[PDB]
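Novice: sequence, then the experimental structure. Questions to follow.
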Amino acid sequence: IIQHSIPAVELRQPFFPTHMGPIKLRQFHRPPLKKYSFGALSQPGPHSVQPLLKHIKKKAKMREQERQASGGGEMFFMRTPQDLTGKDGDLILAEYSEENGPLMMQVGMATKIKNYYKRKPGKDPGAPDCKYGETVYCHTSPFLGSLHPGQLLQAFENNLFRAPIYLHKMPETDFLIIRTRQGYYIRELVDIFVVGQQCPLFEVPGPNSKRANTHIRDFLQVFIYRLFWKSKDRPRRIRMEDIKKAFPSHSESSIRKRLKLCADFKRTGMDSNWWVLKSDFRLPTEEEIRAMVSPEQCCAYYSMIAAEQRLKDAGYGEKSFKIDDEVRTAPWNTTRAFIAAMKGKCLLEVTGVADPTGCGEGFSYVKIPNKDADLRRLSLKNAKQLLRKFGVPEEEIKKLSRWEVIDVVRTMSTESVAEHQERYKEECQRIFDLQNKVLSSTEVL
Amino acid sequence: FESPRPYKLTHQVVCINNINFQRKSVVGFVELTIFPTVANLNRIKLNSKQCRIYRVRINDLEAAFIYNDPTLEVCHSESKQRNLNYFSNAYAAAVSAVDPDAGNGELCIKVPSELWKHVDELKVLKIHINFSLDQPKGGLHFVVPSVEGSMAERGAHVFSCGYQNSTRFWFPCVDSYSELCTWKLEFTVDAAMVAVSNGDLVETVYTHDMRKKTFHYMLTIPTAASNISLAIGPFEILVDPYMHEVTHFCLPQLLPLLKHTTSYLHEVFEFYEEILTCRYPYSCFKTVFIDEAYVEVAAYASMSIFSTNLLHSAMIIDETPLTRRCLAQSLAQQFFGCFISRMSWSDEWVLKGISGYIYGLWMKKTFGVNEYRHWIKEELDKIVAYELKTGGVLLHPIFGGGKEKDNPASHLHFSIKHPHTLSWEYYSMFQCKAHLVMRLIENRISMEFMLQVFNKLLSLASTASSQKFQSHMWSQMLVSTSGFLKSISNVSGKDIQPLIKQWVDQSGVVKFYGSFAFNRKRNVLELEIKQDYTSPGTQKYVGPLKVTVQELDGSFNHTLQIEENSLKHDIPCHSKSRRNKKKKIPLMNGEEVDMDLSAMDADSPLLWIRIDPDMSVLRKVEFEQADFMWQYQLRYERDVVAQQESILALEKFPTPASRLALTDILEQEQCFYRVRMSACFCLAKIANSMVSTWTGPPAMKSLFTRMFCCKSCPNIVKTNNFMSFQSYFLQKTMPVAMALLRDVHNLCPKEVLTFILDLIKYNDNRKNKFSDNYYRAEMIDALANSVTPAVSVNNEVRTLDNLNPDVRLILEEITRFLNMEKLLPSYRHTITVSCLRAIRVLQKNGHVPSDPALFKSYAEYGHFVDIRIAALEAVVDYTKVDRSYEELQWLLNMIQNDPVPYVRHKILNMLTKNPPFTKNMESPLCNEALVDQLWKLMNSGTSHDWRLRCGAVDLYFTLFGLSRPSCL
Amino acid sequence: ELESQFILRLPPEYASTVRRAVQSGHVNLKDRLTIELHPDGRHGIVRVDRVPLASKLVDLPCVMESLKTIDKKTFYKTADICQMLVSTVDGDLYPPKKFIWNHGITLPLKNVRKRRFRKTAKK
């Protein structure tokens, strides 16, 4: 059960952007350092970098006092945008080994660490303790490969993806700098995780699909409703200009579709007009708006339009998405391949072109399906001598039922659907164990 | 936030002395340690009734004394406004003035000017009150067997049952809830008779060394005054061995009955501390069984005292649910009378809500999850039945302050600020709506978050308790509705205030006219169903919800709802399931195996309609499907709710023989117990419609044939069919439904009558180790369900024919069982209860004449509770049908005069349920003097208990309710 | 607005001095450590105890996420980090493709651009 922060669940801006340009899609989850037009740090010259140690201890004390005053147990603290800052609380860094993951969390979303451990045979004293995460004892492996007895494997867990994580040490030269309009902030941090290839749990849509087009419509319907809740006029009213500024890629006619059922147009003698909320329309409450669009659905759409921009930059037009190799690496292709393979509908390519590492250290998420005369002329005696020659044990030579003998010698001269799935498991296990070895190694290259 | 009550309290010491068995009196002194709040607190008020004070004292200074009783009659005894409304309003205002939650008076000691200057100096005082209870007429009980020479010593006991605010009736206090105090309790008791109250055994040797003993129970744990009760007399048994500290107190010659009874309690403690993540937050736990019960449930601090009717001694199978059911009730309401506490009567509903939900969670992981859902169906049946009888049961945060009413729920009585106006129907539905509002909190908030909430509540309770009495920082154990709502919103803030304003603050039962339409019957539109509702009188408009549709072989389709309920809605459509001879099972629900093209399967991809199968909304859903869909629901469905609602819907109209076949197929599997009870009732109702349509055999003989093989059973099933309780409940139920099988010539159940006679012949010895009692009782009930009203054509009532022919055989068998249970008696004379119900049914059919003298002789004092309650139900229905005014006069005089409260309770309850003298149908002339005597019995002679005049308020609800009685 | 975060890399003696200053928690670190960015947005000067170190803003190849926690089990993502300001003891303090960093911060992610990144096939 994942409980996101309140600005994440409330679909708030700029945590959930409404529209992203071609520049923003290339810079998706890589925000460039941008100058301010006003404020303290819009000025030239050196700027003070302030410590946080008193602020961290004070906030941790206050949150503990709020826990003990009602009167203990588990308390939810991520209620405001101010609570989501990096200025307070215990922090990690997480470095994704994938350049562009199929699913990505936004600022404000939540994830868990589960410490997957397979018990040793006989008398297990228990899993080793870790600084982070909750221990989960598993008999069936949640990954593509199987855990070994006594093996502890840390992993990120949320509604988007599953991916193994590896605790490393932050280098002694590297610090975390928090930069705002008001000043520079610095905190010490030692714990950094290397995150492997994701096992996606939520489906990424294709471009201009019915699911994708429903998501854009619903997200527009969510954004319109919260504009009415922001309006202080009685009766409530909004402007077309505010929606078009947030949604420059929509035509006004598509916005006219979403506004006709809930609002009435009142024209005024100025090029700035209002949509007045219908008196007989009950505006939906906050948690009803929450059920319309989830944070996980936005990330699946965000992954699509960013990857669609990357394919257009690579020369692939919309008619390409019989299929090209790079189009197979798209997240709408990889996640549909993996989830169907997770549900037992098909198997995976694993050694193939959709390997994100490019050197054999990852998985390729591409669907593959789940798919005598002369021996009987041997005239028992020569078949007996042949079974003696191959090294067949003397019991089978001794019984010498001739049909059984010829079936055994055909089997030995052979030495198919149980081998097909076993070779899939062998290929999965090899790269899984190889990925465990490389990304956890402290070798200096 | 804080209580609007001055004069905070810390300590109190009771000392019962000279407890008498002949003049039956109690003397004692009480000790209060008081921190007053404000100056000029002169008229300090305590409250009690039936307590003659000997002296009051504060630090060797006897101050003034005020003793009023406005809980008695109107200040003018002949107030001619003898109606419901004026008496209800005046009684509500008067007993609110009895309550000290204002400047009021019942026991106002006046502080003298010397002690007023002391209060001006120091607001710390002690209160020493010497007083005496008389022969207790509503505050205690002295159960004494009528021997009085020697067995009054060994055989009698002394206790106090009562309602929540019955601590007033026992020893003088405040409004007895919501005063966090601590107690020292001194008990002058006999050496054999053991006193049982709250607290701990802090000082007990052979005390005072003269002739008797004296017990010191100290309650250091801060609770309220409405948890103290003193059972004196029973015998000590530790039934410890699993948890080492569970103590029990019961009357002699009942002790191995406890040795079987108590166990499985440790499992309930383990599950409750899996819930709460604590220990049992006390030293020990006490339980007393007693042959009387004001309330069967009653649960106090570290102590449960209730009836000696729930022993269930290892052979009496049909109290396998009931015993630990009532133990779970007396542990849950215990736990929420201990620490978590209301600030007012309107703020209570959280408490019994979470208690009933906790023993519902106990009913989850102990026995019968499908029986748990059947219990939820019984909860909805109770709520829909009562709030279609009367108005809603509303859970107020809003007062009527400023002499205001604000009560649409005042169809009878006041409800906001006060307990002792309500009825037990209203109180039971208060608890039932508390159950289902907690299920709505399940439906919007996860169970793990509820565990977090409840752990937070008990963390604040245990932290705020067991300390040095932190001044001004101690009322955190008042965890009423507002702060509890704030704690829920701090854990998970959702639209739970709309849930309050729907179900907590708008008391309405919602029917559902969800009209089935059929699209994709090769139609343009695709799988659409209309939503509709309007049914006034008691209605409620509930909007955004979801709807569950099961396909032929497919997905659970869930569909939203809207307000403005003249609606049309869609389904997230199934595929076109065509070539269904090839599409045999495309994953209906897992690996279930079912194949029927017997339905209207030309163009029908739908099977069943459902709105919230987890039973969120207080609902009464009315719709129509094809009959094949209803009958295909009864071959298999994963909801006992769906099975018994299809059972009701197919009890209404149909009679094909395929219905009988599918019913018999459903009755021969492993599905559920009571589904087959109501399915045999389906067979009864449908074979009653087989008068001209007798296609099948005489039913349910082949069901006993094909299901029960003792030694292959050569045409008769006889012996030793137990240790499989499926067959136990089924053989208990089925001949009752067999006796209903009637086709109209003379209704002629003659083969069934002779077969039931042969079954009554063929009973078992001790090879069955299971005390064959209830099987006999329900077969006698089947004899009672052999109603033959049309024998006496002209005058055949009065020993003409020695009335004939099978009624005499039924009289022979009920005579045999009455005299056997007079000689054998096996477990409570339950056979005698069924026989008296049979004798009343025979009096209702004119065979045995309508004479109450047998029922009069079984409504006498020295019998069991069940015999007396059955004879009193019988004489209430006798006064209903026949015009016996004299037995009604005797019934009202016994309402006035008897020591047992529960028989008065149930006389008033089922006299309201089964009324004679019906309003605006007045042929037996209530106006003569019965209105006067009922007005007297409301005013006088009813200061014993609150609930007896509550039942009399229910009587004037039924009898001439919102008007003059047409006297003058 | 979204909070901007980036990695600051120092020479090891200066990293140890600033690390002791951060662990000490004294306010005067706001004077002991300053950062100045040039108008080109790529070069800068990091001053440690008024000592200038020539700094270069480079783009990290791997997307990095910084996450906060209270109970060390459920984590809340705070920021995306993709840039690092690297301070050197030599180099032009006022300088008149080379800002592409090739390596991960962690040990196994060495040479990700050349060895562990599948390269896009054009056309």
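Specialist: Structure's in. What do you need? Numbering: from 1, shown residues only, chains lettered A, B, ... in the order given.

Novice: hang on, residue A:114 in a strand?
Specialist: Yes: membership of residue A:114 in a strand is supported by DSSP: H, G, I helix; E, B strand; the rest coil.

Novice: so the lengthiest helix in chain A, near chain C or not?
Specialist: Counting by DSSP state H, the longest helix found in chain A is helix A:417-440. Yes: Helix A:417-440 comes into contact with chain C (Cβ under 8 Å from any Cβ of the partner chain), by way of A:438-440. Just so you know, the C-beta spots here come from the backbone N, C-alpha and C atoms, and that holds for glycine as well.

Novice: for stretch A:312-324, same thing?
Specialist: Yes: Stretch A:312-324 comes into contact with chain C (Cβ under 8 Å from any Cβ), by way of A:314-315.

Novice: run the chain-centre distance for that stretch.
Specialist: 24 Å (Cα atoms, centre = their mean, to the nearest Å).

Novice: flag every buried residue along that stretch.
Specialist: A:316, A:321, A:324 (16 or more other Cβ atoms under 10 Å in any protein chain shown).

Novice: what about the residue in the stretch 251-400 of chain A positioned nearest to chain B, how many residues nearby?
Specialist: Nearest residue of the stretch 251-400 of chain A to chain B: residue A:287, at 4.7 Å (Cβ to the nearest Cβ). Residues near residue A:287, counting by other Cβ atoms under 10 Å in any protein chain shown, number 15.

Novice: do the same with residue B:179
Specialist: Counted by other Cβ under 10 Å, the residues lying close to residue B:179 total 20.

Novice: contacts only, for it.
Specialist: For residue B:179, the contact set (Cβ atoms under 8 Å, 6 or more residues apart in numbering or on different chains) comprises B:9, B:173, B:224-225.

Novice: check these and tell me the two furthest apart.
Specialist: Largest separation among the contacts of residue B:179 by Cβ to Cβ: B:9 and B:224, giving 10.5 Å.

Novice: give me the more crowded residue out of those two.
Specialist: More crowded of residue B:9 and residue B:224, by other Cβ under 10 Å: residue B:224, with 23 against 19.

Novice: just the C-alpha atoms of the longest helix of chain A, please, in PDB.
Specialist: Taking Å, rounded to 0.1, in the frame of the first residue of the first chain, the C-alpha atoms of helix A:417-440 are listed here in PDB:
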ATOM      1  CA  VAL A 417       8.900 -27.800 -24.500                       C
ATOM      2  CA  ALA A 418      10.400 -28.400 -21.000                       C
ATOM      3  CA  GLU A 419      13.800 -27.600 -22.400                       C
ATOM      4  CA  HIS A 420      12.400 -24.400 -24.000                       C
ATOM      5  CA  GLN A 421      11.300 -23.000 -20.700                       C
ATOM      6  CA  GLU A 422      14.400 -24.300 -18.900                       C
ATOM      7  CA  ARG A 423      16.700 -22.500 -21.400                       C
ATOM      8  CA  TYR A 424      14.600 -19.300 -20.700                       C
ATOM      9  CA  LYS A 425      15.200 -19.800 -17.000                       C
ATOM     10  CA  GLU A 426      18.900 -20.500 -17.500                       C
ATOM     11  CA  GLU A 427      19.300 -17.300 -19.600                       C
ATOM     12  CA  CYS A 428      17.300 -15.300 -17.100                       C
ATOM     13  CA  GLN A 429      19.400 -16.600 -14.100                       C
ATOM     14  CA  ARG A 430      22.800 -16.000 -15.700                       C
ATOM     15  CA  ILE A 431      22.300 -12.300 -16.500                       C
ATOM     16  CA  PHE A 432      20.500 -11.700 -13.200                       C
ATOM     17  CA  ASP A 433      23.400 -13.200 -11.300                       C
ATOM     18  CA  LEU A 434      25.800 -11.200 -13.500                       C
ATOM     19  CA  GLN A 435      23.900  -8.000 -12.900                       C
ATOM     20  CA  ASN A 436      24.000  -8.700  -9.100                       C
ATOM     21  CA  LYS A 437      27.800  -9.100  -9.300                       C
ATOM     22  CA  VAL A 438      28.700  -6.100 -11.400                       C
ATOM     23  CA  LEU A 439      26.500  -3.400  -9.800                       C
ATOM     24  CA  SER A 440      27.400  -4.400  -6.200                       C
END
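
Novice: how far out from the middle of the chain is it?
Specialist: On the basis of Cα atoms, centre = their mean, helix A:417-440 sits 22 Å off its chain's mean C-alpha point.

Novice: and if you look at stretch B:736-746?
Specialist: For stretch B:736-746, the distance to the chain centre is 33 Å (Cα atoms, centre = their mean).

Novice: end-to-end on that stretch?
Specialist: Counting by Cα to Cα, to the nearest Å, you get 19 Å between the two ends of stretch B:736-746.

Novice: if we can go back for a sec, so which of the residues of helix A:417-440 next to chain C is the most crowded?
Specialist: In terms of neighbour count, residue A:439 stands highest of the residues of helix A:417-440 next to chain C at 22 neighbours, by other Cβ under 10 Å.

Novice: I'd say it and residue A:168 touch.
Specialist: No: contact between residue A:439 and residue A:168 fails when scored by Cβ atoms under 8 Å: they sit 9.1 Å apart.
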